[PDB]
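We've got the same protein chain twice here, in two forms, each standing alone as structure tokens: structure 1 and structure 2.
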Structure 1
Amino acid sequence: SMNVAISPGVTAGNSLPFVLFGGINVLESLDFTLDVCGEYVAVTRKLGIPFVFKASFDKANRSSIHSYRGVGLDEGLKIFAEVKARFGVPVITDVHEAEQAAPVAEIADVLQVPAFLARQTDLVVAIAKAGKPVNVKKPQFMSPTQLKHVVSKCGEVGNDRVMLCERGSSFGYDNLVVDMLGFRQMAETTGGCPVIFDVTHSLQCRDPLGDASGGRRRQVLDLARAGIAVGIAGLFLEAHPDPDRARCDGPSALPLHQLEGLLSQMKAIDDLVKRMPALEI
């Protein structure tokens, strides 16, 4: 069981109290990001949950060219700077090109490898070389025993602060399932890397003929309870005050007024299961 140091007082580990990697899908404006982060900060401080603010500066992989992509790298890094200065919390964002790794690492405290891109050697190596902890989204196409090779790429250039994020596996066409057995397989084939659960993207599904993802936000509690009960290092979550109006993955986003309600149940379950042993062997 390895523990990954993110910032003062924030360390992720499979035996430790869970860390919330929480925020929004996509950066739209400064004031909206500050307001939503402000709400996450209030709730996580109230409940004593360690917190890392999440947002994407770009959606580089939208299905349609007409779908919204975000403010982009230059404006996104400025919004993150203001989040950090305003709230004093660390931030997490994803990186889509090798040349983005260094500039992003000047501001972000964790760099994320997107799910479709986790096998791309030069991107992973560039992210790892940037010197921050790395969150690897497990591809929809990848068995949980194969993530070890992604971790070895990071380790090869000297970065041993790697976390592994579950976000669902392809189940026929246009649907995901979460294999709850995958968490242990990920941890035990990688020397105990912290395992995180993206309950938001795991809820994705879609219409065969659709222009954008569908999703299953009404069931977020079902999935979040089940995952946190396994015993894991972190929970990855997106929210929006009105999910029907979100610009990306609205169908899977938690309504922001339900945040305290969800997190109080996560803490209660995490506090309970983190004290329970393995069965006697």
Structure 2
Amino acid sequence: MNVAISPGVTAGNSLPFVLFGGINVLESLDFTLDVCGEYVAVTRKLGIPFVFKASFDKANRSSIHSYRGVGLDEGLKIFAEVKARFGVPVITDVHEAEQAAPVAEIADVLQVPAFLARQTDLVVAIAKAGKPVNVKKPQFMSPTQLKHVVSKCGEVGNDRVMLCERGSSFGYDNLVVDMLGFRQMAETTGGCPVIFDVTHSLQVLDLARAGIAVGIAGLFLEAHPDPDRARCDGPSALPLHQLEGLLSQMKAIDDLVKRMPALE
């Protein structure tokens, strides 16, 4: 199944990989524009399809007082300016059923947060909003169970679903990426595009190389100019200056493996 996101950007497991790349959360217009512009410049140079990613709300910080981002209303204003400035499609996450329709007016893909992937009403609200849907696979969920979420989407008329790996629970706290999961998610859901979040899955290069070599529809990436200074106990973003170096290796492997067959 190939999922058409915007003109010239289509995701599919046999197609050239799509970078879903951006930042953790919207803090300001200018900072968003500058980071997005650098993503655009690099992906344009290399010839990699690109969807810009950001959250408008951090809905699950440790403290009710922790910074949560600019929020829904201002976030969608920022996304509108990004789309106008760069002609790039955008993807963002949706935490509450009531956000789905307003977000769908602006965003080109709506993401189901991993912890919320089983919540029927949220998933239905997101699926009914009429845009392609990216389902984050929670660390507690095996790859053959994601089909139920895909089915809930199809039951309310949305067949344009993508599935995003971000690791599996491995003891306490640690995540392991089972590289056999990508095919199992694809094959049990009718061939949904599979995307790999190499940021939350934690050596980013080892992991991204491993995942791209398997043969997948997309990469999911967060970046920052200075990741070590994040005001976050979240997982480290890629340092932004490393983007081109990373993506040139990804494209090289991706172009190679996408012309190699399965074993007969």
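Under this definition, the rigid core comprises the largest set of C-alpha atoms superposing within 1.5 Å between the forms. Shifts are known only where both forms have a C-alpha. The first residue in the sequence of structure 1 is number 1, and each one after it adds one.
Core-based superposition between structures 1 and 2 shows that, of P50, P251, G231, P255, only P251 has its Cα displaced by 2 Å or more. Core-aligned CA deviation for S64 between structures 1 and 2: 2 Å or greater. The rigid-core fit between structures 1 and 2 yields the following 3+ residue runs with every Cα displaced by 2 Å or more: 63-68, 245-252.
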